[PDB]
Number of protein chains: 2
Amino acid sequence: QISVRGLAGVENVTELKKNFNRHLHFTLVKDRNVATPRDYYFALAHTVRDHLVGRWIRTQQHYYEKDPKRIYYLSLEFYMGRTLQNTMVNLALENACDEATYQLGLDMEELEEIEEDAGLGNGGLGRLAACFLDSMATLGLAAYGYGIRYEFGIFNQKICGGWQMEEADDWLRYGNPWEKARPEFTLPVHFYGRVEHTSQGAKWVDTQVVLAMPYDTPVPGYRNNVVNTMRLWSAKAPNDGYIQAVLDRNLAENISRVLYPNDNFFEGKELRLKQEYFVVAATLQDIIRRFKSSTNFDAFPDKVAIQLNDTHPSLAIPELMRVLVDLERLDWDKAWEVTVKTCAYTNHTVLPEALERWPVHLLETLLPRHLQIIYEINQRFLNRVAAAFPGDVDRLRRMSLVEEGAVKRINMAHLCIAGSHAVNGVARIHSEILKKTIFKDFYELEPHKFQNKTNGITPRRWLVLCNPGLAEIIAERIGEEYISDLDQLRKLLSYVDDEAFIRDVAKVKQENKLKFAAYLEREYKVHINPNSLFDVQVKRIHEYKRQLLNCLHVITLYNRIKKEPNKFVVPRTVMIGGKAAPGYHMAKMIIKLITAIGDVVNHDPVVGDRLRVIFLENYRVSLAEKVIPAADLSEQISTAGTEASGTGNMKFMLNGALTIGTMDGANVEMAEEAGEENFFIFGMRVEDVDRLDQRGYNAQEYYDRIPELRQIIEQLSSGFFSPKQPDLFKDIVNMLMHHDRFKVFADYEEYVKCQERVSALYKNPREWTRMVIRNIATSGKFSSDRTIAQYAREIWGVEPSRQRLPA
Amino acid sequence: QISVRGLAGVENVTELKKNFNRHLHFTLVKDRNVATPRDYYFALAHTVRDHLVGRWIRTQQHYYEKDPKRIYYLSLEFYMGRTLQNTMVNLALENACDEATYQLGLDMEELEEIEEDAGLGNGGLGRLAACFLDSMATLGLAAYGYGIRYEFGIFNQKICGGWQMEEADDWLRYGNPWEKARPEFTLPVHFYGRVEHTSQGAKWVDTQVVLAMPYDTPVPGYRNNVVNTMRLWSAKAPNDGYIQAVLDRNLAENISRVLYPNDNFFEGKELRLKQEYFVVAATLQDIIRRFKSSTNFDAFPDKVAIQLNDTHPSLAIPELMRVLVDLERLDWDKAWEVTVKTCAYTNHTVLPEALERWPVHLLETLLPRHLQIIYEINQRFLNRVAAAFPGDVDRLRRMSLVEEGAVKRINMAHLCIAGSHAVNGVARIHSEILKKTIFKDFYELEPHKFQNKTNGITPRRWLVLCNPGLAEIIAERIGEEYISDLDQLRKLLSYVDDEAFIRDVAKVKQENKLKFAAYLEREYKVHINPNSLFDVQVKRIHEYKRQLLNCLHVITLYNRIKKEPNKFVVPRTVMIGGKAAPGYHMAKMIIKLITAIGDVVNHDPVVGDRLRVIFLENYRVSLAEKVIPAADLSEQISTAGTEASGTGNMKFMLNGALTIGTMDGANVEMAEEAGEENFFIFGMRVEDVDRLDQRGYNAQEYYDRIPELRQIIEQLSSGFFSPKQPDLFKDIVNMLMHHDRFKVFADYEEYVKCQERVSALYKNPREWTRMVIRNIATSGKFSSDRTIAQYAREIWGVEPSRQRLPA
Ligand SMILES: O=c1c2ccccc2[nH]c2ccc(Nc3ccn([C@@H]4O[C@H](CO)[C@@H](O)[C@H](O)[C@H]4O)c(=O)n3)cc12
Ligand SMILES: O=c1c2ccccc2[nH]c2ccc(Nc3ccn([C@@H]4O[C@H](CO)[C@@H](O)[C@H](O)[C@H]4O)c(=O)n3)cc12
Ligand SMILES: *Cc1c(COP(=O)(O)O)cnc(C)c1O
Ligand SMILES: *Cc1c(COP(=O)(O)O)cnc(C)c1O
């Protein structure tokens, strides 16, 4: 149908049809008379999977022969979403499969909707890991993603009476055709026990054993015949009254049962610590085994890079030391040299509630040898600090890995900095904040360690896959090379005054909006005006992300309409979606507020279809792929200094939405790339937030000086949005007035005024679309291919490649 | 190689080789450089599996079109063993696969040894179910086996210091290629709750739901292209703090976690009751669904037969009543008529400790509606008894389904008799005992219900598969038709004086013994004399089976050798194997005694290799297939009246062993078929045991009158077989002397004298072999094809068929 989706060769279509029929018969054990759409989905998945395996075996054989430096990306989350379409895109099979299925009387898009998301992550951190795997494969790096195979991923969100309810995500119920169990490579992981000392050295004895069984999933590069591996560990009990002993195997196996549904927030639970050590211990054995199949660990850092995605896999540092010192019998200083040169750490947030600090008593019980190693690391590190800054005793307590107080804790971020040769933030402003604030002492000791690697997104999933219409009209003008070289989008600046291109860009957006408007009616029985401005904020529900600021604007627009019903206003559909962590009370109340505002606004006859407020249920990767291409306005409105980077922001920019945002995270670099004149920037800068913190933030001042703001707070307090329960939102009002860490009121006036400028521009479709073109054309920097190239050259010491392996 | 293993056609061998290579590459994702024997096993299994699916789909389609009466065999156990070789035998693929694998440089017998037993049973009852499935498919019956997919089957037995240790049987660790998950046919099962009454009728509300997910396994008939289904249910929690709620899903899913390892013994545990209802509830929904796809339940018994394997699935009776009355709104009398005509019950034992009696309070809590239905069944049944036997009040209490006492219980056997149109025992003597003793009252009320169906074994697994050498020399004389018509073995009586046949029979046994003797050294590092008489007792460890009587004989032989070292005695290898239930103390002590006797006997220089005593570890179906073909003497020595049938006895007879046995269970019919002169019969008959019980069994009398018996008891008591722990066997001695329910001493003298006659005959190889031929030749009656033909005609009302379906 469209050129970017590849060729539908006569022979290939014939071969796909017969293999489809083979799988339906032999693999699924069905005939066409009793087959359901789900059976047809699986037949297609197995057919496409077959095209991966030759390349997969060949890739891994190639790495064994050439023995390049291996990159190990350790993460507790890989937010992969669906795999079928992504695989077809990367193998150039999409049109052929479309034709083959069409000839069998099937609609391939219908079959794609049957696949469950692999929701093994919460949000940004987990999705970054997924984008990174795609880019590492596309750039020909010998890269392995290592994590946990959670039996239950992020919960499915239901909205009942306006409230979030959680349901278990039983994503493996119908099977996962993409994974391959590898029980033969199962490895032991140790917990508890005690340390005894001998003439030889320390020994960790009397431990409990849990087995780590790997499942391997292929990760195809973009049309280069490279297929890398994501290896996810599953917990199994070893085989050694009788009935209760067998039933109690669940205790061990619970380690891999469920993803903790926290986003940018730390809770010190023992099961989570077990998960963290589980992935680390199994992974490091696998790394060392692969290295030994190449005595001398001097070459270990030349053959191995370990990238720590946040502090969650930080135990890699003392585990590597444990293995090298206790088992391989290396002296401490040599082991430490190897460890530091091997490990690198990426920080993803400065929010203090998100930093991992584990109680010592927990480590003492669970991992007694690792605690000893951490203490030794700390003593040697602080001796260096003392030599560099003599007499600076406060610095010593500030930099210590051990935090004193009622309960002694280990600061895992401090451990990571000490044991890594490179530490990076994820956007320029964030990396600067790290050096100026929370890691200032460490930067002063070891400035060379500190880097920036601005985040990015894969243009395969986030353009070609989710927005083929846009990818096609771009390809028509500048060819297909931009899909693996996104900087080529700069060529589109030559078409900003091209009347044909302006029309095509606008047409693609309108079609996307019509498609999404239809999807809403089908699945959720809700009607919207497709000519309205689609105003979208999708991301996890958090105070720092300020969904509440969006809510205040929505109520402002509603009140203004009620005040002057017969004045024209630009019609809007305001969509807000995202999950709240189950224990996060305030986040759950914010969801209830949004639906409550919808209940009033959507049923007021005077409003008509000029304003609609919809809460998008169960926001997840598959839904992002639908809503982002349909968006006109991207809401990126975190308090300056709180969103380390953001990546949803980049997805919207690539898909033809304009951005309203604070100068926070990667928004700063996006505005710099596109030009501030082509961005809707408002609000306090980081420096303004600091100044306000110094004199003290008084929300009452804004309430007293802004009548429109006062009206809204009175409406909330009085029960306007909750008639049968007038004090329902008292906690929200109380927070805003007296305990708002994120200064919602301080940015309200500028936000509302900025939103008026958005509406003004939307009234002129041609100039709106020209500004969109300027955004799309300068989105190239935000390819994760660029990000990974920088990690490769500046941290891992390996060169990327776009050369194809032989099929 | 040999004709019974089928043809190795050039095209078939070529096609198997390419499909093998396809599976290794695409299915297993391996190349030949890194493949292990296990990978090669799986490649072969998938290749053979592919040949089943066409026949499997075609068979089930055939049943849908012709709509024959369906037979539902409900069992809590299916002791299937390995599937690969059985499948090859039944599809005539064995030689072709042998050739194909040979050409790829692989030994197929080596690959067969990698497959795990599907050990979803304990012993005789579970293995009977497996044999029955094979025969039902071979006879072209539209038959379905329904059970539970236990995650852990019967434990693996290790012997440590002479003591049994249990290890979990993680049989699904590497995957099960034979099963097909059918998540789309998942069904709900209800527990707990309460009953409320309305104008309409009773309703069972406020229940907890567990999902039953089916897995289907093919069951091929012998070379008739029929492939039936065994459907096993797996327990799943429905999808509706957060973390603990997800972790607590294990509570529901524990229903299908583990097989209770009890053999011929009842324990009233709640989890077991949940297992029993789980299989029943899911199965009956599946039955009714299939029936409705053919309002009118008058025809239900014409289209459905439900066979209850023991009382374990007895809840089918009140569940069927519940569905018909509460959900389908049939009147009670009509529902009862349908239920009785649909259900039939097989009793497998008269031992009182094996009879299922569930406490009322347990049923009241778990299954409150079923308890109500059971009470109503009981009231109506006892009203019939009262009308038939007026004034006989003791009969009323004897026949009641409800047993009074400290704790009220439901007698599930009584429920089964009341709600079934046919009740059968499993051997003639057993069926007679049922009518004369435990079910006498029921026989007097409804004599027409009571039948016999003597057990049998499948000659596919238990001759062709495990003893191809014997199958081949038979086929050479009488052709191959006997494999599905075992009565044709009677033709071998014409060869009892044939010198060539005598030599061949003897040669096959010697080769089997050499092969087994080698297997013992390889796997268990134990040496044996292959020219000795192989004296074998393999079966679960039980007091009623009298492994202890065997032990007494072994010690007698040892003592006689020590008394006259230089006298010639026929050399013996005495092998005893079997598992003990983990809680069965006395059974565990018996195992310890056997190994303790071995420790003394096997290391006494004066004995030499004239007597060896070996405990065969981890007795299971795969080991039975090895040891039975190697046996000379089959020990079937249960106290008369205790072994309902036995089936191991039949396996030995078919494979060229002579039998030493009591007139118990099917031994009676085996001796009748072969002639008593060709059987080593000894000991009390049932009538003798009764007479002894009337005057009272005094073991002291035998001790006082038999000096050789006295010596052994003194040796046991004094610590002869346990020097460092002299009173180790005090419990065994105490039991034998004062509390022996099974009269070990009463049969000792006759047993020893009978064993002397065995030794005498073994000294004359020609006459031994002629007697063997007379046994093999008259084993035809004990084919499970004969058994199933009788169930079909006399209980289910369906005609068997040997006509082949088109491939
Ligand atoms: O501390 C925990 C935790 C503790 C116990 C159990 C489960 C847990 N799960 C977590 C999941 C995530 C996080 N932390 C973060 C930190 C940053 N981010 C986001 O990362 C993106 C990629 O760099 C950025 O674009 C974004 O700005 C940032 O917020 C992000 O998305 N989650 C922290 C935790
Ligand atoms: O009562 C239980 C039970 C209770 C709680 C949990 C698990 C349980 N498992 C059981 C497993 C088996 C049995 N009962 C029997 C009864 C007879 N048999 C044997 O059946 C063979 C086939 O007919 C006969 O050849 C043999 O003579 C007989 O002993 C045989 O092999 N098991 C009873 C139970
Ligand atoms: C990109 C993405 C995120 C991250 O969005 P931010 O706005 O950067 O927080 C979260 N969830 C999903 C499903 C995504 O695709
Ligand atoms: C046949 C068989 C049994 C039953 O043997 P009996 O001697 O009849 O109790 C038990 N276990 C296994 C593994 C069998 O093959």
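Below, chain A is the first sequence line, B the second, and so on; all start at residue 1.
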Quick check: do [X] and [Y] have side-chain heavy atoms less than 4.5 Å from each other?
X	Y	value
B:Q60	A:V29	no
B:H25	A:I57	yes
B:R173	A:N239	yes

Side chain / backbone / both / neither for [X] at chain A, heavy atoms under 4.5 Å:
X	answer
B:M165	neither
B:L251	neither
B:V258	side chain
B:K158	neither
B:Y174	both
B:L271	side chain
B:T36	neither
B:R58	neither
B:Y242	side chain

Could you pull out the closest heavy-atom pair between [X] and [Y], with the gap in Å?
X	Y	answer
A:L28	B:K180	O-CE, 3.6 Å
A:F26	B:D50	CE2-O, 3.5 Å
B:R257	A:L247	CB-CD2, 4.0 Å

Side chain, backbone, both or neither: which part of A:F152 has a non-hydrogen atom closer than 4.5 Å to chain B?
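The side chain, not the backbone.
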Picking from A:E167, A:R49, A:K236, A:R38, which has the most non-hydrogen pairs under 4.5 angstrom with chain B?
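Most heavy-atom pairs within the cutoff with chain B belong to A:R49.
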What residue, out of B:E184, B:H46, B:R182, B:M213, has the most heavy-atom pairs lying under 4.5 Å from chain A?
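The answer is B:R182.
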